[PDB]
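Novice: Let me give you the structure first, and then I'll get to my questions.
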Amino acid sequence: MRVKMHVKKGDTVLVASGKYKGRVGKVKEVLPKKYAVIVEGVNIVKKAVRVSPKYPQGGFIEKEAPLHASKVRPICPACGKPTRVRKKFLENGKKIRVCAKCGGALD
Amino acid sequence: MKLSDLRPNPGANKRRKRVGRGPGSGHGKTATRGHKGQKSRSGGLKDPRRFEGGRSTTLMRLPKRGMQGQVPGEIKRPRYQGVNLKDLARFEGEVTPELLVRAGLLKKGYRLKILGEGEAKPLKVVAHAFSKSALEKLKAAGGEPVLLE
Amino acid sequence: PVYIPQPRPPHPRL
Amino acid sequence: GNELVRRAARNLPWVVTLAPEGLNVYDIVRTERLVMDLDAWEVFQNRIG
Amino acid sequence: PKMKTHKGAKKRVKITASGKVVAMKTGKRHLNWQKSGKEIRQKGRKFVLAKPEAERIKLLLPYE
RNA sequence: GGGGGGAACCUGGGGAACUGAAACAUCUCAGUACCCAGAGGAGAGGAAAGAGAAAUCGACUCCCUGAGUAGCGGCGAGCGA
RNA sequence: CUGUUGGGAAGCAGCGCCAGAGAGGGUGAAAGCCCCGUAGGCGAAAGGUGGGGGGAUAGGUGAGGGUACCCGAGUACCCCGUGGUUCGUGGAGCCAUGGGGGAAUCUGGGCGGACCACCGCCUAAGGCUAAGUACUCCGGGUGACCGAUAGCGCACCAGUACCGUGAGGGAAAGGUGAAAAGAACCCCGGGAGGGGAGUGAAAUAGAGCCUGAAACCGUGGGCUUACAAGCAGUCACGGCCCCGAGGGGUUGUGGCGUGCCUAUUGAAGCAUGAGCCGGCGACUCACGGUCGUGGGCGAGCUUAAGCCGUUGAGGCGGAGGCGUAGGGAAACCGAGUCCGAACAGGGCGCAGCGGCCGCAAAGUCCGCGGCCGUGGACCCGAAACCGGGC
RNA sequence: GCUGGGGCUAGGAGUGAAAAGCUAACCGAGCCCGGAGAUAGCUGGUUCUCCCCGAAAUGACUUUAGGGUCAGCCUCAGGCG
RNA sequence: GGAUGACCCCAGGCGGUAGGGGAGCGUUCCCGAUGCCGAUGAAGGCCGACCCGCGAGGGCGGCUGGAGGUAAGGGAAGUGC
RNA sequence: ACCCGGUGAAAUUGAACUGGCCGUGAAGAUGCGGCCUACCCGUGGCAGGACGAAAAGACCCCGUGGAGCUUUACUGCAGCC
Ligand SMILES: [Mg+2]
Ligand SMILES: [Mg+2]
Ligand SMILES: [Mg+2]
Ligand SMILES: [Mg+2]
Ligand SMILES: [Mg+2]
Ligand SMILES: [Mg+2]
Ligand SMILES: [Mg+2]
Ligand SMILES: [Mg+2]
Ligand SMILES: [Mg+2]
Ligand SMILES: [Mg+2]
Ligand SMILES: [Mg+2]
Ligand SMILES: [Mg+2]
Ligand SMILES: [Mg+2]
Ligand SMILES: [Mg+2]
Ligand SMILES: [Mg+2]
Ligand SMILES: [Mg+2]
Ligand SMILES: [Mg+2]
Ligand SMILES: [Mg+2]
Ligand SMILES: [Mg+2]
Ligand SMILES: [Mg+2]
Ligand SMILES: [Mg+2]
Ligand SMILES: [Mg+2]
Ligand SMILES: [Mg+2]
Ligand SMILES: [Mg+2]
Ligand SMILES: [Mg+2]
Ligand SMILES: [Mg+2]
Ligand SMILES: [Mg+2]
Ligand SMILES: [Mg+2]
Ligand SMILES: [Mg+2]
Ligand SMILES: [Mg+2]
Ligand SMILES: [Mg+2]
Ligand SMILES: [Mg+2]
Ligand SMILES: [Mg+2]
Ligand SMILES: [Mg+2]
Ligand SMILES: [Mg+2]
Ligand SMILES: [Mg+2]
Ligand SMILES: [Mg+2]
Ligand SMILES: [Mg+2]
Ligand SMILES: [Mg+2]
Ligand SMILES: [Mg+2]
Ligand SMILES: [Mg+2]
Ligand SMILES: [Mg+2]
Ligand SMILES: [Mg+2]
Ligand SMILES: [Mg+2]
Ligand SMILES: [Mg+2]
Ligand SMILES: [Mg+2]
Ligand SMILES: [Mg+2]
Ligand SMILES: [Mg+2]
Ligand SMILES: [Mg+2]
Ligand SMILES: [Mg+2]
Ligand SMILES: [Mg+2]
Ligand SMILES: [Mg+2]
Ligand SMILES: [Mg+2]
Ligand SMILES: [Mg+2]
Ligand SMILES: [Mg+2]
Ligand SMILES: [Mg+2]
Ligand SMILES: [Mg+2]
Ligand SMILES: [Mg+2]
Ligand SMILES: [Mg+2]
Ligand SMILES: [Mg+2]
Ligand SMILES: [Mg+2]
Ligand SMILES: [Mg+2]
Ligand SMILES: [Mg+2]
Ligand SMILES: [Mg+2]
Ligand SMILES: [Mg+2]
Ligand SMILES: [Mg+2]
Ligand SMILES: [Mg+2]
Ligand SMILES: [Mg+2]
Ligand SMILES: [Mg+2]
Ligand SMILES: [Mg+2]
Ligand SMILES: [Mg+2]
Ligand SMILES: [Mg+2]
Ligand SMILES: [Mg+2]
Ligand SMILES: [Mg+2]
Ligand SMILES: [Mg+2]
Ligand SMILES: [Mg+2]
Ligand SMILES: [Mg+2]
Ligand SMILES: [Mg+2]
Ligand SMILES: [Mg+2]
Ligand SMILES: [Mg+2]
Ligand SMILES: [Mg+2]
Ligand SMILES: [Mg+2]
Ligand SMILES: [Mg+2]
Ligand SMILES: [Mg+2]
Ligand SMILES: [Mg+2]
Ligand SMILES: [Mg+2]
Ligand SMILES: [Mg+2]
Ligand SMILES: [Mg+2]
Ligand SMILES: [Mg+2]
Ligand SMILES: [Mg+2]
Ligand SMILES: [Mg+2]
Ligand SMILES: [Mg+2]
Ligand SMILES: [Mg+2]
Ligand SMILES: [Mg+2]
Ligand SMILES: [Mg+2]
Ligand SMILES: [Mg+2]
Ligand SMILES: [Mg+2]
Ligand SMILES: [Mg+2]
Ligand SMILES: [Mg+2]
Ligand SMILES: [Mg+2]
Ligand SMILES: [Mg+2]
Ligand SMILES: [Mg+2]
Ligand SMILES: [Mg+2]
Ligand SMILES: [Mg+2]
Ligand SMILES: [Mg+2]
Ligand SMILES: [Mg+2]
Ligand SMILES: [Mg+2]
Ligand SMILES: [Mg+2]
Ligand SMILES: [Mg+2]
Ligand SMILES: [Mg+2]
Ligand SMILES: [Mg+2]
Ligand SMILES: [Mg+2]
Ligand SMILES: [Mg+2]
Ligand SMILES: [Mg+2]
Ligand SMILES: [Mg+2]
Ligand SMILES: [Mg+2]
Ligand SMILES: [Mg+2]
Ligand SMILES: [Mg+2]
Ligand SMILES: [Mg+2]
Ligand SMILES: [Mg+2]
Ligand SMILES: [Mg+2]
Ligand SMILES: [Mg+2]
Ligand SMILES: [Mg+2]
Ligand SMILES: [Mg+2]
Ligand SMILES: [Mg+2]
Ligand SMILES: [Mg+2]
Ligand SMILES: [Mg+2]
Ligand SMILES: [Mg+2]
Ligand SMILES: [Mg+2]
Ligand SMILES: [Mg+2]
Ligand SMILES: [Mg+2]
Ligand SMILES: [Mg+2]
Ligand SMILES: [Mg+2]
Ligand SMILES: [Mg+2]
Ligand SMILES: [Mg+2]
Ligand SMILES: [Mg+2]
Ligand SMILES: [Mg+2]
Ligand SMILES: [Mg+2]
Ligand SMILES: [Mg+2]
Ligand SMILES: [Mg+2]
Ligand SMILES: [Mg+2]
Ligand SMILES: [Mg+2]
Ligand SMILES: [Mg+2]
Ligand SMILES: [Mg+2]
Ligand SMILES: [Mg+2]
Ligand SMILES: [Mg+2]
Ligand SMILES: [Mg+2]
Ligand SMILES: [Mg+2]
Ligand SMILES: [Mg+2]
Ligand SMILES: [Mg+2]
Ligand SMILES: [Mg+2]
Ligand SMILES: [Mg+2]
Ligand SMILES: [Mg+2]
Ligand SMILES: [Mg+2]
Ligand SMILES: [Mg+2]
Ligand SMILES: [Mg+2]
Ligand SMILES: [Mg+2]
Ligand SMILES: [Mg+2]
Ligand SMILES: [Mg+2]
Ligand SMILES: [Mg+2]
Ligand SMILES: [Mg+2]
Ligand SMILES: [Mg+2]
Ligand SMILES: [Mg+2]
Ligand SMILES: [Mg+2]
Ligand SMILES: [Mg+2]
Ligand SMILES: [Mg+2]
Ligand SMILES: [Mg+2]
Ligand SMILES: [Mg+2]
Ligand SMILES: [Mg+2]
Ligand SMILES: [Mg+2]
Ligand SMILES: [Mg+2]
Ligand SMILES: [Mg+2]
Ligand SMILES: [Mg+2]
Ligand SMILES: [Mg+2]
Ligand SMILES: [Mg+2]
Ligand SMILES: [Mg+2]
Ligand SMILES: [Mg+2]
Ligand SMILES: [Mg+2]
Ligand SMILES: [Mg+2]
Ligand SMILES: [Mg+2]
Ligand SMILES: [Mg+2]
Ligand SMILES: [Mg+2]
Ligand SMILES: [Mg+2]
Ligand SMILES: [Mg+2]
Ligand SMILES: [Mg+2]
Ligand SMILES: [Mg+2]
Ligand SMILES: [Mg+2]
Ligand SMILES: [Mg+2]
Ligand SMILES: [Mg+2]
Ligand SMILES: [Mg+2]
Ligand SMILES: [Mg+2]
Ligand SMILES: [Mg+2]
Ligand SMILES: [Mg+2]
Ligand SMILES: [Mg+2]
Ligand SMILES: [Mg+2]
Ligand SMILES: [Mg+2]
Ligand SMILES: [Mg+2]
Ligand SMILES: [Mg+2]
Ligand SMILES: [Mg+2]
Ligand SMILES: [Mg+2]
Ligand SMILES: [Mg+2]
Ligand SMILES: [Mg+2]
Ligand SMILES: [Mg+2]
Ligand SMILES: [Mg+2]
Ligand SMILES: [Mg+2]
Ligand SMILES: [Mg+2]
Ligand SMILES: [Mg+2]
Ligand SMILES: [Mg+2]
Ligand SMILES: [Mg+2]
Ligand SMILES: [Mg+2]
Ligand SMILES: [Mg+2]
Ligand SMILES: [Mg+2]
Ligand SMILES: [Mg+2]
Ligand SMILES: [Mg+2]
Ligand SMILES: [Mg+2]
Ligand SMILES: [Mg+2]
Ligand SMILES: [Mg+2]
Ligand SMILES: [Mg+2]
Ligand SMILES: [Mg+2]
Ligand SMILES: [Mg+2]
Ligand SMILES: [Mg+2]
Ligand SMILES: [Mg+2]
Ligand SMILES: [Zn+2]
């Protein structure tokens with residue numbers, strides 16, 4: 001039906017494990033099918049590019065590698081801590097993700 | 001007493017005999033079967049309880065005897081089972097067939113007959129038959145037989 | 001292989 | 001027999017929960033020490049009479 | 001499946017209380033005119049099968 | 001309204017042989033394998049012209065038991081309420 | 001949450017916290033608290049179901065007294081030929097029915113094992129009827145189930161490739177790494193392939209990719225061999241090379257020496273099988289029996305199907321079975337019985353250890369083991385027979 | 001007479017100027033799938049180690065003779081001594 | 001002998017096919033296990049002239065390997081070529 | 001056919017370090033004994049041996065195996081009376 005992404009494009013997340021543990025950055029892109037996310041400036045890898053149009057002189061380019069979506073915790077826009085997401089039901093009937101440490105919404 | 005301590009007594013769980021698993025076993029190769037007979041084959045011999053190699057067997061050369069019965073089968077008649085006095089020694093007051101089924105002495109569906117082996121006791125004994133001996137012992141001891149029918 | 005060529009007959013040791 | 005007490009105790013790695021109608025020897029031997037209701041000791045005493 | 005009783009055995013043989021196998025003497029179904037009295041008399045009796053044959057037949061009577 | 005299909009299961013119409021009987025024909029294998037018709041989510045059966053000895057029971061189906069008993073049988077191998 | 005090793009922490013250390021949730025799977029290694037979950041709850045406009053709860057409808061229902069009107073016809077019934085039943089012609093009933101004959105309407109008819117009488121049971125020749133039962137194409141749960149020669153034929157684009165006119169037959173083939181970061185660019189080369197550079201913790205992890213055994217092929221080195229007779233080794237001593245009063249490798253001379261398996265009276269045998277290596281490959285299971293054995297209980301022992309509970313908890317259930325008495329074809333009698341006229345003879349039968357309590361035991365239930373019967377029953381192999389199709 | 005195209009006849013059956021010839025590269029009874037893991041008293045094969053004992057190739061009977069039943073001979077357990 | 005494998009002493013037996021019997025090794029799996037061994041390196045591989053065992057085997061060490069393995073005591077079998 | 005360049009099979013194969021004679025041996029020995037002979041490895045040729053290869057001997061016997069055929073063998077069935 002859907003792959004459970006606790007994290008969405010655009011919100012600020014903390015990388016909690018691996019060579020980049022501690023880093024903080026915005027979710028640039030969520031790849032559900034692979035259960036992974038790209039975090040800005042995290043998981044930098046060198047990639048060989050053939051000499052061609054768009055890459056004359058060729059060589060290598062810096063690219064941001066995908067991170068297992070489990071290695072990522074959203075930073076709460078209110079209390080500023082990393083946190084698990086809860087589900088709060090508005091009176092409207094809608095449902096938003098809400099931080100657990102404090103109580104703020106993360107949209 | 002913990003699980004690591006739970007243990008069958010010596011000799012309660014014997015190991016099995018495995019044939020056809022090598023020369024050291026003493027049971028390998030021919031698998032304790034000898035060489036090359038009907039009996040060595042899979043399927044083996046005919047019923048070694050009856051078959052005698054083709055000749056007339058020692059059971060089938062014996063004569064039959066008595067009525068074997070015929071269709072439509074058994075004839076329903078009253079069946080009697082005996083109970084000796086020495087069996088009744090455990091009861092007091094009265095004895096009936098219905099009471100002796102529960103002791104496990106008289107089968108169900110059989111009629112009660114008391115027999116003479118033992119010592120009679122001053123008891124009320126209700127039963128479908130009595131021995132010549134059981135009657136004499138029972139009277140001479142103060143008991144009361146009650147031939148029902 | 002699927003097909004067996006027939007073997008030669010024997011010499012008639014009769 | 002108390003459902004609430006077996007609820008409270010179930011999740012602990014060191015506690016095997018059991019109703020009295022359920023007392024078997026394997027569970028008794030699996031465990032180091034035994035703890036019973038007076039109500040449950042009544043059932044154990046009944047089933048060995 | 002459970003064993004069946006051998007019915008030839010049940011019609012020729014009885015298992016005594018201690019487990020001896022008892023049968024009728026053979027030899028006086030017919031041809032009896034020129035036989036002795038000692039002969040028919042004695043052949044009217046039962047006899048106790050030899051041990052090795054008795055134990056074969058007892059295996060044929062599994063529910064006696 | 002029918003027609004055709006559906007893995008097994010079900011009922012009906014037909015229906016082998018190897019094999020076993022240490023040969024073989026009655027017997028066995030077996031009303032099995034299989035062919036055909038029909039049916040359905042089940043089918044079959046079913047409300048006594050019953051059982052069978054109890055002066056009893058109370059439709060049918062299915063399980064346990066009765067029982068390898070009663071019996072059947074070149075009274076053989078076996079078959080079997 | 002933090003620190004620490006590390007490419008990576010979930011490992012280790014320190015201080016905490018949840019639990020009706022410590023089933024399980026993931027995440028860079030080994031995580032209750034990171035992720036997906038789990039316990040516990042919640043949920044349908046629409047379609048399907050609805051055996052439960054409710055309502056409706058169809059439908060249903062008395063006595064005597066008279067009367068003798070009806071009560072299932074090519075039917076019952078008898079006979080001939082068969083089938084079904086445990087019943088194979090048997091004393092052969094019953095149920096069925098192809099052929100002939102052929103009724104009656106309750107004072108009628110059928111049955112209780114030929115037949116007759118008596119006492120009984122039941123009302124044929126129209127139909128329908130849920131539930132408890134079977135099965136598994138299909139969905140889900142769970143394994144003292146498999147783990148790529150296994151498990152389905154198929155983990156993979158398999159009922160395919162391929163074979164066959166056709167019915168039909170019928171494979172092989174999984175795995176880089178945490179992440180493609182899947183090697184820009186340079187060098188030799190037509191390419192293929194390689195050498196550098198670069199990535200990675202690791203590149204004999206480089207895609208002909210995890211581990212990477214063996215047969216088999218090669219390169220390098222140590223010892224050795226061109227006057228020598230050999231199931232190839234073994235024992236001895238000596239030489240050389242290696243490792244540090246010893247050991248390893250090699251083998252020059254001397255001694256001894258008829259492969260393995262199978263089958264056989266007897267094989268090195270010139271009798272069988274095997275090129276060599278890897279993997280697959282043959283005494284089991286169920287029910288019954290018979291001994292033995294470890295226990296439980298013991299003139300007693302034991303439950304089956306089921307029912308309740310559990311959700312890897314157990315209990316109920318005594319129907320029934322084995323045993324407590326044997327003898328006889330049986331009637332029958334019974335510690336006796338059978339043959340017999342017999343009080344005759346004979347056959348088959350009958351009777352714990354201590355100090356009222358204890359040990360033990362008839363027996364029986366369960367476990368285990370050997371062996372037996374029934375099944376394909378230790379595994380592989382016919383030539384054939386039969387059925388339905390092509 | 002030979003030959004193309006279109007057709008009919010088949011498994012205990014066809015067809016045969018007759019050879020038991022031919023019926024899809026082996027026909028004294030086609031092929032496939034199934035019964036089926038037919039049956040095989042025959043041949044072959046039967047996988048780790050150590051310790052104790054240790055046979056027989058005879059008799060009787062057998063549509064039996066290279067297979068069996070009983071006995072003889074081996075082994076284990078318990079008893080007697 | 002000491003006191004019922006606690007080790008010692010003396011004496012004797014110990015060729016072996018069919019076959020009987022005894023005691024053990026190892027493989028897969030279950031309980032032991034919410035445990036314990038494990039990246040300071042699991043299983044598997046390759047060596048070893050070392051240690052234990054009569055033997056089947058088990059250790060230990062080095063290399064390889066890179067994520068599993070599993071004790072004492074028992075339980076069950078698709079268990080050794 | 002032979003030599004050089006290119007491509008490159010096969011049945012078979014326990015392993016082999018695979019000689020003669022006279023003996024021996026399961027009765028026809030490269031493999032055992034005693035002698036005799038014999039430096040190491042090939043190439044083109046011949047076919048005496050390797051009881052050479054191939055085909056689980058068709059003959060023959062054995063199996064209470066099979067199939068075709070026959071008849072005044074047995075017992076049935078069709079058909080016909
Ligand atoms: Mg959601
Ligand atoms: Mg909404
Ligand atoms: Mg066992
Ligand atoms: Mg053993
Ligand atoms: Mg074993
Ligand atoms: Mg062995
Ligand atoms: Mg042996
Ligand atoms: Mg054998
Ligand atoms: Mg045997
Ligand atoms: Mg043999
Ligand atoms: Mg032999
Ligand atoms: Mg023999
Ligand atoms: Mg053999
Ligand atoms: Mg022989
Ligand atoms: Mg034999
Ligand atoms: Mg024998
Ligand atoms: Mg067979
Ligand atoms: Mg056989
Ligand atoms: Mg005979
Ligand atoms: Mg007679
Ligand atoms: Mg009888
Ligand atoms: Mg050939
Ligand atoms: Mg729990
Ligand atoms: Mg717990
Ligand atoms: Mg625990
Ligand atoms: Mg008979
Ligand atoms: Mg008798
Ligand atoms: Mg007579
Ligand atoms: Mg005379
Ligand atoms: Mg006289
Ligand atoms: Mg006379
Ligand atoms: Mg007389
Ligand atoms: Mg019985
Ligand atoms: Mg239809
Ligand atoms: Mg039918
Ligand atoms: Mg049918
Ligand atoms: Mg037919
Ligand atoms: Mg036939
Ligand atoms: Mg027949
Ligand atoms: Mg036949
Ligand atoms: Mg069969
Ligand atoms: Mg036969
Ligand atoms: Mg036969
Ligand atoms: Mg025959
Ligand atoms: Mg039949
Ligand atoms: Mg249909
Ligand atoms: Mg249903
Ligand atoms: Mg129904
Ligand atoms: Mg009906
Ligand atoms: Mg009616
Ligand atoms: Mg029969
Ligand atoms: Mg039948
Ligand atoms: Mg670091
Ligand atoms: Mg950390
Ligand atoms: Mg800690
Ligand atoms: Mg867990
Ligand atoms: Mg749980
Ligand atoms: Mg851990
Ligand atoms: Mg783990
Ligand atoms: Mg976890
Ligand atoms: Mg986990
Ligand atoms: Mg729930
Ligand atoms: Mg839930
Ligand atoms: Mg009238
Ligand atoms: Mg009739
Ligand atoms: Mg009949
Ligand atoms: Mg009949
Ligand atoms: Mg008949
Ligand atoms: Mg009769
Ligand atoms: Mg009849
Ligand atoms: Mg009639
Ligand atoms: Mg009739
Ligand atoms: Mg009729
Ligand atoms: Mg009347
Ligand atoms: Mg009448
Ligand atoms: Mg009638
Ligand atoms: Mg009746
Ligand atoms: Mg009548
Ligand atoms: Mg009736
Ligand atoms: Mg009527
Ligand atoms: Mg009616
Ligand atoms: Mg119906
Ligand atoms: Mg029903
Ligand atoms: Mg469906
Ligand atoms: Mg399923
Ligand atoms: Mg499934
Ligand atoms: Mg696994
Ligand atoms: Mg594979
Ligand atoms: Mg496969
Ligand atoms: Mg593999
Ligand atoms: Mg395998
Ligand atoms: Mg496998
Ligand atoms: Mg495959
Ligand atoms: Mg599939
Ligand atoms: Mg393909
Ligand atoms: Mg083709
Ligand atoms: Mg084609
Ligand atoms: Mg197929
Ligand atoms: Mg991978
Ligand atoms: Mg991958
Ligand atoms: Mg990694
Ligand atoms: Mg160039
Ligand atoms: Mg290149
Ligand atoms: Mg290069
Ligand atoms: Mg390169
Ligand atoms: Mg490292
Ligand atoms: Mg490597
Ligand atoms: Mg690697
Ligand atoms: Mg890997
Ligand atoms: Mg590799
Ligand atoms: Mg390689
Ligand atoms: Mg070299
Ligand atoms: Mg010289
Ligand atoms: Mg020299
Ligand atoms: Mg030599
Ligand atoms: Mg010397
Ligand atoms: Mg040296
Ligand atoms: Mg030396
Ligand atoms: Mg030498
Ligand atoms: Mg060998
Ligand atoms: Mg031979
Ligand atoms: Mg020979
Ligand atoms: Mg030789
Ligand atoms: Mg040779
Ligand atoms: Mg040879
Ligand atoms: Mg031979
Ligand atoms: Mg061989
Ligand atoms: Mg070959
Ligand atoms: Mg080789
Ligand atoms: Mg091999
Ligand atoms: Mg066995
Ligand atoms: Mg047993
Ligand atoms: Mg037992
Ligand atoms: Mg008990
Ligand atoms: Mg006791
Ligand atoms: Mg009980
Ligand atoms: Mg007497
Ligand atoms: Mg008399
Ligand atoms: Mg006496
Ligand atoms: Mg006992
Ligand atoms: Mg036995
Ligand atoms: Mg079978
Ligand atoms: Mg079998
Ligand atoms: Mg067996
Ligand atoms: Mg076969
Ligand atoms: Mg025939
Ligand atoms: Mg035929
Ligand atoms: Mg046919
Ligand atoms: Mg046909
Ligand atoms: Mg023309
Ligand atoms: Mg033409
Ligand atoms: Mg044409
Ligand atoms: Mg024609
Ligand atoms: Mg035709
Ligand atoms: Mg036609
Ligand atoms: Mg046709
Ligand atoms: Mg034919
Ligand atoms: Mg035919
Ligand atoms: Mg014809
Ligand atoms: Mg012509
Ligand atoms: Mg064809
Ligand atoms: Mg042809
Ligand atoms: Mg043909
Ligand atoms: Mg078929
Ligand atoms: Mg069959
Ligand atoms: Mg079979
Ligand atoms: Mg046969
Ligand atoms: Mg000896
Ligand atoms: Mg002899
Ligand atoms: Mg003969
Ligand atoms: Mg002879
Ligand atoms: Mg024979
Ligand atoms: Mg014997
Ligand atoms: Mg003796
Ligand atoms: Mg003996
Ligand atoms: Mg000694
Ligand atoms: Mg020995
Ligand atoms: Mg073991
Ligand atoms: Mg566990
Ligand atoms: Mg640790
Ligand atoms: Mg590391
Ligand atoms: Mg290492
Ligand atoms: Mg292991
Ligand atoms: Mg493993
Ligand atoms: Mg080792
Ligand atoms: Mg290792
Ligand atoms: Mg793991
Ligand atoms: Mg384990
Ligand atoms: Mg263990
Ligand atoms: Mg245990
Ligand atoms: Mg196996
Ligand atoms: Mg030249
Ligand atoms: Mg050339
Ligand atoms: Mg080429
Ligand atoms: Mg080749
Ligand atoms: Mg050599
Ligand atoms: Mg030479
Ligand atoms: Mg000679
Ligand atoms: Mg000579
Ligand atoms: Mg010679
Ligand atoms: Mg020579
Ligand atoms: Mg030699
Ligand atoms: Mg010699
Ligand atoms: Mg020589
Ligand atoms: Mg010589
Ligand atoms: Mg010479
Ligand atoms: Mg040459
Ligand atoms: Mg030559
Ligand atoms: Mg030659
Ligand atoms: Mg020649
Ligand atoms: Mg040859
Ligand atoms: Mg053959
Ligand atoms: Mg031959
Ligand atoms: Mg031949
Ligand atoms: Mg001959
Ligand atoms: Mg012949
Ligand atoms: Mg004959
Ligand atoms: Mg014969
Ligand atoms: Mg014949
Ligand atoms: Mg034929
Ligand atoms: Mg024939
Ligand atoms: Mg006609
Ligand atoms: Zn917050």
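Order determines the names: the first chain of the structure tokens is A, the second B, and so forth; residues in each chain are numbered 1 upward, and ligands are numbered 1 upward as they are shown.
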Given only C-alpha atoms (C1' of nucleotides) and all ligand atoms, how would the per-residue table for chain G near ligand 98 read, listing every residue at most 10 Å away with its closest atom pair and distance in Å to one decimal, sorted by chain and number, as a Markdown table?

Specialist:
| residue | atom | partner | partner_atom_place_in_ligand_line | distance |
| --- | --- | --- | --- | --- |
| G:153 | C1' | ligand 98 | 1 (Mg) | 7.8 |
| G:159 | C1' | ligand 98 | 1 (Mg) | 7.3 |
| G:168 | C1' | ligand 98 | 1 (Mg) | 7.6 |
| G:169 | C1' | ligand 98 | 1 (Mg) | 6.1 |
| G:170 | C1' | ligand 98 | 1 (Mg) | 6.6 |

Novice: Run DSSP on the backbone and give me the residues of chain B it puts in helix (DSSP H, G or I), as a short mmCIF file (atom, residue, chain, number, x, y, z; two decimals) with N, CA and C atoms, in the first residue's frame.

Specialist:
data_model
loop_
_atom_site.label_atom_id
_atom_site.label_comp_id
_atom_site.auth_asym_id
_atom_site.auth_seq_id
_atom_site.Cartn_x
_atom_site.Cartn_y
_atom_site.Cartn_z
N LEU B 3 16.47 -28.60 34.58
CA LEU B 3 16.39 -29.34 33.32
C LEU B 3 17.69 -30.05 33.00
N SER B 4 18.83 -29.41 33.28
CA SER B 4 20.11 -30.07 33.05
C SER B 4 20.27 -31.32 33.90
N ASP B 5 19.45 -31.47 34.95
CA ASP B 5 19.56 -32.62 35.84
C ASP B 5 18.58 -33.73 35.50
N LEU B 85 -15.99 -67.06 46.45
CA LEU B 85 -16.24 -66.42 47.73
C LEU B 85 -15.06 -65.57 48.17
N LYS B 86 -13.83 -66.06 47.95
CA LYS B 86 -12.66 -65.32 48.40
C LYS B 86 -12.56 -63.94 47.75
N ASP B 87 -13.25 -63.73 46.63
CA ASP B 87 -13.31 -62.41 46.02
C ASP B 87 -14.24 -61.48 46.80
N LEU B 88 -15.33 -62.03 47.35
CA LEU B 88 -16.32 -61.24 48.07
C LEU B 88 -15.85 -60.80 49.45
N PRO B 97 -24.86 -58.22 41.49
CA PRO B 97 -24.02 -58.14 40.28
C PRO B 97 -23.63 -56.72 39.94
N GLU B 98 -24.61 -55.82 39.92
CA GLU B 98 -24.36 -54.40 39.68
C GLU B 98 -23.25 -53.86 40.57
N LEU B 99 -23.08 -54.44 41.76
CA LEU B 99 -22.05 -53.96 42.68
C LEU B 99 -20.69 -54.55 42.35
N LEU B 100 -20.67 -55.75 41.77
CA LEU B 100 -19.42 -56.42 41.45
C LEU B 100 -18.82 -55.98 40.12
N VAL B 101 -19.61 -55.36 39.24
CA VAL B 101 -19.00 -54.74 38.07
C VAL B 101 -18.10 -53.60 38.51
N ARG B 102 -18.55 -52.83 39.50
CA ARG B 102 -17.78 -51.67 39.93
C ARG B 102 -16.53 -52.08 40.68
N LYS B 132 -23.00 -75.88 43.90
CA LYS B 132 -23.35 -76.81 44.96
C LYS B 132 -22.50 -76.53 46.19
N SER B 133 -21.24 -76.17 45.98
CA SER B 133 -20.33 -75.88 47.07
C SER B 133 -20.61 -74.51 47.66
N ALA B 134 -20.75 -73.50 46.81
CA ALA B 134 -20.94 -72.14 47.32
C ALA B 134 -22.22 -72.06 48.15
N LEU B 135 -23.27 -72.74 47.71
CA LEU B 135 -24.51 -72.76 48.48
C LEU B 135 -24.28 -73.34 49.87
N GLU B 136 -23.62 -74.50 49.94
CA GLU B 136 -23.38 -75.14 51.23
C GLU B 136 -22.52 -74.26 52.13
N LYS B 137 -21.39 -73.77 51.63
CA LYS B 137 -20.55 -72.90 52.44
C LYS B 137 -21.32 -71.66 52.89
N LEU B 138 -22.12 -71.08 51.98
CA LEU B 138 -22.77 -69.81 52.30
C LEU B 138 -23.79 -69.99 53.41
N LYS B 139 -24.64 -71.01 53.32
CA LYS B 139 -25.60 -71.28 54.38
C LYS B 139 -24.89 -71.54 55.70
#

Novice: Could you give me, as a list in words, the residues within 9 Å of stretch 41-56 of chain E, counting only C-alpha atoms (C1' of nucleotides) and dropping anything in the same chain fewer than 3 positions from it?

Specialist: residues 48, 49, 50, 58 and 59 of chain B; 19, 20, 21, 22, 23, 24, 25, 26, 27, 28, 36, 37, 38, 59 and 60 of chain E; 339 and 347 of chain G; 70 of chain H

Novice: If I take atom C1' of residue G:34 and atom CA of residue A:73, how far is one from the other in Å, to one decimal?

Specialist: 7.8 Å

Novice: Just checking: using only C-alpha atoms (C1' of nucleotides), which residue out of G:254, G:93, G:222, G:306 ends up closest to chain B?

Specialist: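 Selected residue with least distance to chain B: G:93.
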
Novice: Go ahead and compute the interatomic distance for atom CA of residue B:40 and atom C1' of residue F:28, in Å to one decimal.

Specialist: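 Distance reported for this atom pair: 26.3 Å.
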